[PDB]
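Notes to accompany the following structure.
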Protein chains: 2
Amino acid sequence: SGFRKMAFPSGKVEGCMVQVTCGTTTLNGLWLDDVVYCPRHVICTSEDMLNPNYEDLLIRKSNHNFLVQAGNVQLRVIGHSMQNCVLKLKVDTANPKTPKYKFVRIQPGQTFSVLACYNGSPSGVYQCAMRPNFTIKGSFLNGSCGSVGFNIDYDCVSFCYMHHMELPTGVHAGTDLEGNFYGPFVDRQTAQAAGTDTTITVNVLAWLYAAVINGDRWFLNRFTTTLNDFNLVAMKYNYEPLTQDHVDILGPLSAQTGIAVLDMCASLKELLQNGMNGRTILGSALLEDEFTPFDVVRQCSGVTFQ
Amino acid sequence: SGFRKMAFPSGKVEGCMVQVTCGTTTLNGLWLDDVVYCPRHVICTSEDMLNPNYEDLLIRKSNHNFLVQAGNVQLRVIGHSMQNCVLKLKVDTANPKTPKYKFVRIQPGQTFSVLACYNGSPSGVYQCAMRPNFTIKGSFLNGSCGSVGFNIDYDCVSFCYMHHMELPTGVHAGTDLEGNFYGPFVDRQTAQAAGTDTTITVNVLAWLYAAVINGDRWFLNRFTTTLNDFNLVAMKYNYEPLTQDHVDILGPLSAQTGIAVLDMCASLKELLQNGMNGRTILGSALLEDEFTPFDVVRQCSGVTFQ
Ligand SMILES: *[C@](O)(C(N)=O)[C@H](C[C@@H]1CCNC1=O)NC(=O)[C@@H]1[C@@H]2[C@H](CN1C(=O)[C@@H](NC(=O)CC(C)(C)C)C(C)(C)C)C2(C)C
Ligand SMILES: *[C@](O)(C(N)=O)[C@H](C[C@@H]1CCNC1=O)NC(=O)[C@@H]1[C@@H]2[C@H](CN1C(=O)[C@@H](NC(=O)CC(C)(C)C)C(C)(C)C)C2(C)C
């Protein structure tokens, strides 16, 4: 029993992190097979960050201007290209620690583990959600760019995030491993603002199921609701609309607990309208939305990775 | 910027986890050099758990009754002994993945990373504190026994926890790697109760400093206090008494922020007496006590591990 924000074991990703230096700028890269992936703003000076023309800046860069270091050892860069907002550095050595992996562009509401790195060295690991406004609430300092987010499915690492930047209110923006930003963000030091940070309703419901499974049941009430009536309350509280697909996805947790999804929505409705009256659920005084239904099943059934 | 519950990268510990089976019971062991460490209740049946005589049960066990599996491969057990509440299985192969390591018995209020394992396979990683009542608030299911807690200091893994059992209210008890339980717990299925769960005051103060560093400053008030006057308020709210040693330990965060520890205590006093009025600090609606001063400095300065 117990329920914690749990990251995937990071060992398979630790063996892929390297340091990339171009001129004065050092950040992290991802070494898979004979390619290093890194944020393209590695080629920028601080001045350049204000209004960069990446194609123009890249003309002044050759293979030998990229220093790539795997622990204490330099890799030889034999080619480079820009794909959207990432550079791909072809190196003459395949990473012998390359795991089975895929590149995935995740949907908003999905979770992943971040391995925060500095100078190609892992600092720490934590769980994040892709928020509805396509930001993440990370912990990133200067030097953390190129840190990656991932999920593990038994043996296979699905890389879904590379860290590029921080927005006002200290939330974070980045790309998939094809270099396409999540949301409307650009890799320029220019005024950009996150939209409304809406709550991931289906994840809050998943977490309420986790609470029940752990014997935290005080919030289970005597009411039910409809999707349409529940969604009139969600709209007011900046909750994502709940759909039938969401109800389907909560099927395993609903079946395990014997609590109909719409009965759990009616419990959520009362928590939104009345607050928690100074009570806690799984040690939290707020409604948690960074656990997916899969995260709850995985933690409550003990799914492992090899 | 941003502040998250952050685990150490787990790769160095993943390469030490094995599966130990004795009769019908399977749990996790820790393979360092030519020794496997595991909970001694691996030798018990369910019946035995009610009132076990471990010395007597062990007489019926030989080297060949312990099956130890590192991934897909069996290790040969050439010796066994019981040290307090752990078994030490001598195997004929030194783990080639053994990191630099130490065994440390941590103090209450200290934090560590848990790598939750099932059948010798890592499931996930998360941060925990040793609570004042010598419990941890983990996520552990049947099969998780032998999972370990650790800290990393650059290259060196300090193992401080091995998981043995769950108490009522779904908190967890275990041993150091010499097999001595933290607190008064025994490895018997008998009525045992946790004492009062007191709050780690110095850690709450460390987290308030983390909030300031991140620009969350609304709670900074106009008052100061004394250690003795602050401690009269802590006693009422089941906070640990703050000592001069604690004030010394908060020195780096106090110096970085320019906020005197006793001024931060006066802010904490007002939060304890008035509550948060529905406001949040680093996205929390409660006072967090599972970050040490070191955890805050480490996260806010980007300390890495190799
Ligand atoms: C990254 O390059 C690195 N070396 O780690 C760096 C990571 C930042 C630093 C603080 N927290 C982080 O996550 N990323 C950057 O410095 C990117 C880079 C240029 C600026 N930038 C930023 O993240 C800016 N933010 C903005 O410009 C957006 C704004 C103005 C709306 C806040 C800040 C000011 C450094 C945070 C580019 C190419 C985007
Ligand atoms: C461990 O052996 C394993 N195979 O993973 C197991 C882990 C538990 C299961 C549920 N959550 C966990 O952390 N540990 C045990 O089963 C230990 C073991 C015998 C009983 N036990 C327990 O943890 C008991 N708890 C108690 O007996 C204490 C009590 C009665 C005060 C609650 C429970 C009932 C299974 C949780 C021994 C030797 C302690």
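Lettering follows sequence order; numbering is per chain, from 1. Values below: all heavy atoms of this structure, side chains included; hydrogens, waters and symmetry mates excluded.
Across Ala285(B), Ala116(B), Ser139(B), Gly2(B), the residue that shares the most heavy-atom pairs under 4.5 angstrom with chain A is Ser139(B). For the set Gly15(B), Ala7(B), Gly11(B), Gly138(B), the entry with the most heavy-atom pairs within less than 4.5 Å of chain A is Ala7(B). Note: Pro122(A) leads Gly170(A), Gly215(A), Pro122(A) in heavy-atom pairs under 4.5 Å with chain B.
Residue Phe3(A) touches chain B through its backbone alone, counting heavy-atom pairs closer than 4.5 Å. Within the 4.5 angstrom heavy-atom criterion, only backbone atoms of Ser301(B) (N, CA, C, O) approach chain A. For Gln299(A), the parts sitting under 4.5 Å from any heavy atom of chain B are the backbone and the side chain alike.
Taking a 6.0 Å sphere around CZ of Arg217(B), one finds it holds 12 or fewer heavy atoms contributed by other residues, nucleotides or ligands.
Note that CE of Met6(B) and CG of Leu115(A) are 10.0 Å apart. Values are rounded to the nearest 0.5 Å. Going from atom CZ of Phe305(A) over to atom OG of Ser121(B) covers 10.0 Å, rounded to the nearest 0.5 Å. Distance CD/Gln306(A) to CG/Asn72(B): 8.0 Å, rounded to 0.5 Å. In this structure, the separation between CD on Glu14(A) and NZ on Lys12(B) is 8.0 Å, given to the nearest 0.5 Å. A distance of 8.0 Å separates CG of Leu141(B) from OG of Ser1(A), quoted to the nearest 0.5 Å.
Side-chain contact check for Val125(B) versus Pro9(A): every heavy-atom pair is 4.5 Å or farther apart. Annotation: side chain of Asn119(B) is not in contact with side chain of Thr304(A) (no heavy-atom distance under 4.5 Å). No side-chain heavy atom of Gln127(A) sits under 4.5 Å from any side-chain heavy atom of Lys5(B).
Of the possible donor and acceptor atoms, none in the side chain of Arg4(A) sits under 3.5 Å from a partner among the backbone N and O of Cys128(B). Between the side chain of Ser123(B) and the backbone N or O of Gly302(A), no donor-acceptor pair lies under 3.5 Å.
Residues from residues 148-169 of chain A that place a non-hydrogen atom less than 4.5 Å from a non-hydrogen atom of chain B comprise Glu166(A), given in numerical order.
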